[PDB]
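Heads up: the structure comes next, in structure tokens.
We call the chains A, B, C, D, E and F, going by the order they appear; numbering starts again at 1 in every chain.
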């Protein structure tokens, strides 16, 4: 154990489990000879790159899974939700940290992964003959996230039994509680609208159902603390 | 000991049929002896699920054109295959000046002349054609619409002022060359419902694969 | 990072259709089964305003010939395309000895044989074809007439003593190669009225571009 | 002879294939290329030349057309008033169509680079005052007034000190693809915005006209580029 | 000119011939390839990634589908009882179809290499016991019990000490040709067998669930290979 | 393009002409040639082997 601090944000965590650096690349910056060398893209250091600790979702036996969209989860929150809106372009990285606080008497397993361009396909009316486009609350669920309804196909017609092909890490309750991931900016472009485009999405599904005998706390507070890495903006409004 | 067959370029080459144009004499189908085919690589059934293994790709595509009559017969007819790059305007009529715009490459070949064949490049303005888009182009009917993936349009037509004398059928094959790909993702296990979205059939949600009776009986 | 698309040669290549010849059987149009087409590069609509961006240019031109019947059909007919350099005499009849003058290059090709294709050079005696001339060749009807810009004449005809058995249509494309240009000038903003002069319509004088309500409402 | 196998593509005539063809006149020696002044090599040379921006692209009456070329400023404008406004849209209609740059853009499909608009005060020499010319980057909405415009990229121009002032438009990119009507057009969406406000009123002593005009010239920086030729025109050769 | 003789094959259009063809746009400079994270070059990269093996591929009821992903172990199983069983058949139907490996195998006709199945005990942390996971090579019949399985390649897994255990499947080869129905399919016959027995019962103290689930992930070693592309799929693009 | 003149023989299919033809499967890597005992290279090898001569070729 030992506590780390980035500004006014002080979280208490374990020494250093095994972190997952998505695709082996580190969220670096974008050099001078890029497409906008005129409007120098200011790189937020001060408070912009600090610890955001979201409304802890509660695990249950019946939980299906949860997902947040990026950078959507923060374009609402704090002084980064200040730059994400009143700025024209954006490129960022993310130190995501997911923790569970449960006793050695609860059991379960959470798969935690990041998926680029996570396009939510709805059910489509049922029989398949309705071309319904997911609402805006499902496409960009804010920092409250959203519950998958069809975890097996990840609400996008794809087997989750294969999601491990993305950066992921496991949260087996009998072995670990904390799970950490480092995401590098990923897109077909060097910069992009931080409001109209969610580069990726954080997925955390219960693969082995939460269980416990009667008496043990029925819910497991999953705390998601995350912070921007070598994030960049350009063109104030 | 060799593993070259499993490379991306290997996996993806081969000309596959992605399009077929009917130019009947008597018809409800393409009545003006001409046709417009915005280039879709999903035309080869198999293809949609294959490419959707990745999020970003890049490539050139060699197109070959096979034309004849329905009985698969050859005839003394000339043809104009025209390519209207994205941005350029498609011909609205069998005499639209779009047929004459020099900036719309056109290749003329007699049906007898073996298949015409041309290479088209990586059009996209983005650094890569990307299959998925988690946003909207600056509940909306524009979700998942990655625009900058337009390869162009192929306008086909019999040459000449008058209607062609024969019933014609053009087939467009396409070999994908120089393929590079990024960000891999879960193989589509659910049936496809529309060309644009991953929308699946929430009723008919099927297990990825075959099932059995007990986890002890093989 | 590259800027090769905006070079003159790039801007101007591409074979564009600059001419079409009709040699009907029954007709008022070219009744003698032959035709004369003094080479005009304004045949491609777009072209006139493009070149008129400059005052002086220079180039070679590769011509390609596409011939068939009106339905765009191919036939077993032979053809004589003849080029009468400037100065030489054009054929006045389907039997003018001009057809036989060796100094008038001629290329014979069967309709079936793919398009015939030849390169013609920078004819002009002046150091450059010049689009504008502020004078008269040694109120006059000869103003702006730069003479030394003649590229030649293309005489087309069915081969043989007798009328051809079929209705024919020749199309002349033209790629401009090795283009060099000087003295740039204001893009034509007014509609063209005649092939020879900049004469515009003094009544219908239009603002260069779209207009709006106030210089404060976008 | 020597063994061959003709491959598909044989006999096709590509309007773009740029191979070589047989010379019609093999002996002919074309008259020599002499030296002519001002030779243009790449069109982007012309895109860097200043041409009058018809900002005042409103009068259409035949003999007022010479006015779209220059807008005016006068004593009658109170401090803070909006003098004019237009977008950073070289291709799309309006003011930019008059500039040579805009006109070239029409033979190309995609493009991007920094622009540069220079203003010229052609009023009496005895006049003074200040203007606030602000640029509201793509996405940013026209500032409500002179004050809010004063918080974003702006320039106070004292046509009392300098007769000319040049503003650089950092970046504009016409690359986002739109398939609207049925005709797929490559349009901006990067409509930057240039607003112009009366920072102060127009101060002129007795004996000097209470109205001056300003000419706005435009050109594209050297970082400009164009892609994909697209011959298009309303004015073609007539019959 | 130069003497030639066209050889047979002239004018044929081979869907596989990979020659070159004339470029439609000769001047066009396609927008530059920038750096994108995670580039895949050869598909075998993906075959070495672990994906959940639906060993419990039995529940089909729409909202139980999330169960094929993990089988369970409980107090109620006597020592020696068979917990589960499946074959080393990446291509053929069943459990392997859920693994990404299995899914790729479908675009290829022949293949061979060592596999690797890892098990994960996701029960209470207070649980202990032992499992006997045995592999009965191709040809060998499923061991009658826990004892006979204990004589062949096996592993006693004390999910009391280690939460995870990985087993290597030495070799599997889908190359023996079968012309059954009328449709000639290249099938295994190398159905290796993985059996799992309760070496001891599931011991858990009071206050801990009497049922834990186990997840089984699978991937192919680096000695894996594939041959002969065979596009095949039940899911194709719809009209 | 480049000037040619097709010579007689063009388009003929000689059952004996041994030129090369386009591969049907360009990517395919055929399974490796391993070592097998007794490889025959030229038939005359077999002509030097003794075989029983049916001199008494009379009983049928």
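Criterion: a contact is a pair of C-beta atoms (placed from the backbone, for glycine too) under 8 Å apart; a residue touches a chain by one contact, two chains touch by 3 or more.
Peer 1: If subunit D were absent, into what connected groups would the remaining chains fall?
Peer 2: one piece
Peer 1: Please identify each chain that touches subunit A as well as subunit D.
Peer 2: Touches both subunit A and subunit D: B, E.
Peer 1: Given the two chain pairs C-D and B-F, which is bridged by the higher number of C-beta pairs in contact?
Peer 2: C-D
Peer 1: Averaging only over C-alpha atoms, locate the centres of subunit E and subunit F and give their separation in whole Å.
Peer 2: Spacing between the chain centres: roughly 42 Å.
Peer 1: With chain centres defined as C-alpha means, what is the inter-centre distance between subunit B and subunit D in Å?
Peer 2: About 37 Å, centre to centre.
Peer 1: Roughly how many whole angstrom separate the Cα centroids of subunit C and subunit F?
Peer 2: Their C-alpha centroids are separated by 60 Å.
Peer 1: Once you find the CA centre of subunit A and the CA centre of subunit E, what distance in Å lies between them?
Peer 2: Once rounded, the distance between the two centres reads 29 Å.
Peer 1: Pull out every residue in subunit E that's touching 2 or more other chains.
Peer 2: Residues 2-13, 16-18, 21-29, 32, 34, 36-38, 46, 54, 65, 68, 98, 100, 103, 227-229 of subunit E touch two or more partner chains.
Peer 1: So which stretches of subunit C touch two or more other chains?
Peer 2: In subunit C, 2, 5, 10, 13-16, 45-46, 66, 114-115 touch at least two other chains.
Peer 1: Please output the residue numbers of subunit A that touch at least 2 other chains, ranges allowed.
Peer 2: 152, 159-162, 165, 186, 188-189
Peer 1: Provide the full list of chain pairs in touch.
Peer 2: A-B, A-D, A-E, B-C, B-D, B-E, B-F, C-D, C-E, D-E, D-F, E-F
Peer 1: Touching subunit E in the complex: which residues of subunit B?
Peer 2: 2-3, 5-8, 10-11, 13-16, 42-43, 45-50, 54, 56, 58, 62-64, 66, 83, 85, 105, 114-115, 117-128, 173, 175, 177, 180-184, 186-195, 205, 207-218
Peer 1: Taking the complex as given, what residues does subunit D use to touch subunit A?
Peer 2: Those residues of subunit D that touch subunit A are 112, 114, 136-141, 152, 168, 170-171, 223.
Peer 1: For the complex, give me every residue of subunit B touching subunit F.
Peer 2: Subunit B residues touching subunit F: 1-2, 4-5, 10, 13.
Peer 1: Can you name the residues of subunit A that touch subunit B in the complex?
Peer 2: 69, 115-128, 131-136, 139, 150, 152-154, 156-163, 165-166, 186, 188-189, 193, 196-201
Peer 1: Please output the residues of subunit E touching subunit F within their complex, sorted ascending.
Peer 2: 1-10, 12, 14, 16-18, 227-229
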